[PDB]
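To start, the structure under review is shown below, and the notes come after it.
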Amino acid sequence: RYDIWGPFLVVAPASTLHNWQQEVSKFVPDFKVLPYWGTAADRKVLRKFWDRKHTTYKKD
DNA sequence: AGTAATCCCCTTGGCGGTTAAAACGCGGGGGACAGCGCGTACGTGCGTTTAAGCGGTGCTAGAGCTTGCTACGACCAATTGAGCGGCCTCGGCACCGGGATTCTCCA
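Just so we're aligned: 8 in the working numbering is position 8 of the first sequence, and the numbers increase by one with no gaps anywhere.
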């Protein structure tokens, strides 16, 4: 309706996170998921995608 | 306010391989070590003299202690920017290869 396309946060208990990852992919096939969990080194590699410079995200 | 589950993180342990470093064998060389001769250089004893050590006298510098206060640092609250943690990148240093120069050793 408004092309906001994020950033959206989703904060869950740890047993549930793969359920979100999968059900999000099911309930929208074309909508893009960042799975921010793992060891500190793994999170550092994931954090590269947190763009601060746009407060509203493009579909790209 | 307590005690236990949950979850991060970071250390220890194991498995595989690969290859670079440790172990093993062997000839020979030359350095360790015992042996010899000499000779000069250090320990000994004596006579010499030199001044260190002691008992004693004299002075004043300055170590040590008290008094008095005010200049300087301890303490607190409000302000802010210098310095730290996190992210980025590109250029310095390593690593390789190949031909050029050096050094070593037997002739």
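C-beta: ideal position from N, C-alpha, C; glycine also.
Check	Outcome
Identify, in the order they occur along the chain, each residue of the same chain with its Cβ nearer than 8 Å to the Cβ of residue 43, setting aside the five sequence neighbours on each side.	36, 37
Less than 7 Å between C-beta atoms, sequence neighbours within five positions excluded: which residues of the same chain meet that for residue 4?	56
What does the alpha-carbon distance come out to for the pair residue 7 and residue 31?	12 Å
Would you kindly work out how many angstroms separate the C-alpha atoms of residue 24 and residue 49, rounded to a whole number?	19 Å
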